[PDB]
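**Student:** Turn this into a structure:
(one chain, ligands or ions: 1)
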Amino acid sequence: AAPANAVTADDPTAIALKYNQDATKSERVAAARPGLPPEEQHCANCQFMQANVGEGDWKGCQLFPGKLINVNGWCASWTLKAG
Ligand code: SF4
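**Tutor:** Residues are numbered from 1 along each chain as shown. Sharing the structure here:
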């Protein structure tokens, strides 16, 4: 069950970025974002995931202020967690 402030499928930014709370139901292979092979990409290893926001599998994303993403999700702004 998603938190009340989870990013949802009719959020206009979710649509533009092709966000899905489940990376296995995403277009990460088509996007081929750099940094890791696409099958290895999800929010937990993305630079914009905020691990001090949320709880459990539902964490912050800098690009979605006031909301929570799922650590197992993905979107086209995926960027390797480098620091
Ligand atoms: S920017 Fe990164 S953390 Fe935020 S939704 Fe997209 S893949 Fe997940």
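**Student:** For the lengthiest helix in the chain, name the packing helices and strands.
**Tutor:** Counting residues, the longest helix found in the chain (DSSP state H) is helix 12-17. Applying 3 or more CB pairs under 8 Å, 6 or more residues apart in numbering; DSSP states H and E, one finds that helix 12-17 contacts no other helix or strand. Any C-beta I mention is one placed from the backbone N, CA and C, and that applies to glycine too.
**Student:** mind listing what's buried in that helix?
**Tutor:** Using 16 or more other CB atoms under 10 Å as the test for burial, helix 12-17 gives 14, 17.
**Student:** likewise stretch 61-74?
**Tutor:** By neighbour count on 16+ other CB under 10 Å, the buried set for stretch 61-74 is 61, 63, 64, 67, 68, 69, 70, 71, 73, 74.
**Student:** and which of the residues you listed is nearest to the ligand?
**Tutor:** Using CB to the nearest ligand atom, residue 61 comes nearest to the ligand of the buried residues of stretch 61-74, at 3.2 Å.
**Student:** right, is whichever strand in the chain runs longest up against the ligand?
**Tutor:** Secondary structure of the chain per DSSP state E: the longest strand is strand 49-55. Yes - contact of strand 49-55 with the ligand (CB under 6 Å from any ligand atom) involves residue 49.
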